[PDB]
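Everything on this sheet refers to the single structure shown next.
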Amino acid sequence: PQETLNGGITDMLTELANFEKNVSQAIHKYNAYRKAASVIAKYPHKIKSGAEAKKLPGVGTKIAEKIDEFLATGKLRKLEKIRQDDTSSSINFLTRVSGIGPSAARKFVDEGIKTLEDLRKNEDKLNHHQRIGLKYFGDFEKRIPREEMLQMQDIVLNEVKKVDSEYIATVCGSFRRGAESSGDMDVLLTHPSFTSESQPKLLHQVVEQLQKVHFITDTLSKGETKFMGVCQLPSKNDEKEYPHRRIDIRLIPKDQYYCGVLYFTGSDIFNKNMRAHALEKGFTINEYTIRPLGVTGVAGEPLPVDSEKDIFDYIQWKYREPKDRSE
DNA sequence: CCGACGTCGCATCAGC
DNA sequence: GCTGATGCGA
DNA sequence: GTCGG
Ligand SMILES: Nc1ncnc2c1ncn2[C@H]1C[C@H](O)[C@@H](COP(=O)(O)NP(=O)(O)OP(=O)(O)O)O1
Ligand SMILES: [Mn+2]
Ligand SMILES: [Mn+2]
Ligand code: NA
Ligand code: NA
C-alpha cells in the first residue's frame, strides 16, 4: 500500500478520530476510527465502495457510509462543518500542546484562549508541563533522524556508565527496531541492587548526571521509577542548534527488565500479536512478567526471564530480532 | 442488547 | 495536611 | 463506532 492509495479515506478517518478524542471526549470512538484507518492503510487495493471496506475488521456500517459519501463527493459534510467551527477547531488544535488534553483545551477555549499566541500571553494559567509543551511546540512535532538518535544514545550510555558501571541501560522503542527516524527516546534502566523483592535514588542519580552535562534540559515529571523530560544534543561549532527532543527514562527491577525491554521495544502491533499467542499457548504476558495459566485460568508465579529470548522460548516462537517486529 | 475497548506513574485537583 | 480522583501521556 | 457474547 502506497500513501495516497486510500490516503483520502485514512486522512478523513484520522481527522474524525481526533475530534472524537479532543472535542467529544469519546476515547473509544477515537480508537475505533484509528483502527479503521490502520486497517484501511494496509489494504493493498484502492477502495471502490464502502461495502468493499466494510469487509475489513474494524470497518462497520457507519464508516462504510462515510466512505461512500467521500468516494461520491470528495468530502464529508460533517467534517467540513466541524472544521469551520471556531470552538471545536480551537479545542482540537490546543491539544497539540503536550500537557493540554481534552479537558484543559475545553477550559481554555471556554474563556477565550484559542491560539498559541493566546497561550503565550496567558502563562500563569499554564501548569509546568503545559509551559514546557508550549515552549517546545514546534520541536516536539519534529521527528528525530537515526543519526541524531545514535548521538543521543552515545551520551546516555556514556553518562549512565559514568555514574555506576553496574547500571544496565537500553534505548528501546522504534530506535531499537532500527527505524530511520524516531518520535522520541525510550530508555530502560536497571541495576543489580534493584529487584522486585528488594536505593530509592537510582533513577535520580542518572537524571542528575544527564542534567549536569546539559543533555537533559527540562523535566515534565520525575518520580522514583519514571522520568519524563526534554533533551538536546550539544551545538556544533557555530551551526544550527538541534531541536529539543522528548526522552523517557524508566527504572525497572532486574527480574522484570527483559519483559520491559520486549514490551517497550514494540512495535504496537507486534506486542498485540505476541501477547495473544501468548494466550493461545497458556501464558499471560504484560510489560512486567510472563506467567502461566493455569488449568482453571489461575496465574501461577512469574517465570524466570534473563533475556528476551527466554520469553520467545516459553511460547515456542522463534526469536525475532527487533528489526523484524513491525508486526 | 449492551459492555469492552490495557494499564499505570506522576502532577495536580477535589474533598475532608 | 491527608487521601482518593482526575487528567495526561504513553 | 465496532465487535461479539
Ligand atoms: N499501546 C501499546 N500497546 C502495547 N505496547 C505499547 C503500547 N504503547 C506503547 N507500547 C510499548 C511499545 C510501543 O512501541 C513502545 C514505545 O512506545 P512509543 O515511544 O509510543 N512507540 P515507538 O517508540 O515504537 O514509536 P515512536 O518512534 O513514534 O516513538 O512501548
Ligand atoms: Mn518511542
Ligand atoms: Mn515513548
Ligand atoms: Na467490518
Ligand atoms: Na496535548
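In the text below, chain A, chain B and the rest are named by the order of the sequence lines, each starting its count at 1. The basis for the numbers below is simple: all heavy atoms, side chains too, and nothing from hydrogens, waters or symmetry mates.
For the pair A:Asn31 CG and B:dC5 P, the interatomic distance rounds to 12 Å; values are reported in whole Å. In this structure, the NE2 atom of A:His28 is 14 Å from the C1' atom of B:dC2, given to the nearest Å. Separating the OH atom of A:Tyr30 from the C1' atom of B:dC5 is a distance of 13 Å, rounded to the nearest angstrom. Here the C1' atom of nucleotide B:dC5 and the CZ atom of A:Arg275 are 11 Å apart, to the nearest Å. Straight-line distance from the CD1 atom of A:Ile132 to the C1' atom of B:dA11: 14 Å, rounded to whole Å. Atom CD in A:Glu20 sits roughly 11 Å away from atom P in D:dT2 (whole-Å rounding). Rounded to an integer number of Å, the gap from NZ of A:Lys125 to P of B:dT12 is 17 Å. Rounded to an integer number of Å, the gap from A:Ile63 CD1 to D:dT2 P is 4 Å.
Closest approach to the A:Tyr288 side chain among B:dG9, D:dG1, B:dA11 is made by B:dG9 (side chain taken as heavy atoms from C-beta onward).
Between the side chains of A:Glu80 and A:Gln84, no donor-acceptor pair is found at a separation under 3.5 Å. In the model, A:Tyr43 has a side-chain atom that pairs as donor or acceptor with a side-chain atom of A:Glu52 under 3.5 Å.
Contact record, A:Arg325 with A:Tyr319: NH2-OH, 3.4 Å, taken as the closest heavy-atom pair.
Residue A:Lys66 is in sugar-phosphate contact alone, with no base atom involved, counting any heavy-atom pair closer than 4.0 Å across all strands shown. No engagement by A:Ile285 is indicated, since no non-hydrogen atom pair under 4.0 Å with the nucleic acid exists.
Going from the P atom of D:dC3 to that of B:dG6 covers 16 Å, rounded to whole Å.
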Whether each nucleotide of nucleotides 4-10 of chain C has a protein heavy atom under 4.0 Å at its base (B), only at its sugar-phosphate (S) or at neither (-) is summarised, 5' to 3', as ---SSBS
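The structure places OG of A:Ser103 at 6.0 Å from CD of A:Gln25, a figure rounded to the nearest 0.5 Å.
Counting heavy atoms of neighbouring residues, nucleotides and ligands inside a 6.0 Å radius, atom CD of A:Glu117 exceeds 12 of them. When the shell of 6.0 Å around NZ of A:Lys254 is examined, it contains 12 or fewer heavy atoms from other residues, nucleotides or ligands.
Between A:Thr225 and B:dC10 there is a side-chain N or O to OP1 or OP2 distance below 4.0 Å.
Side-chain contact between A:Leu150 and A:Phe175 is present, with heavy atoms from C-beta onward closer than 4.5 Å.
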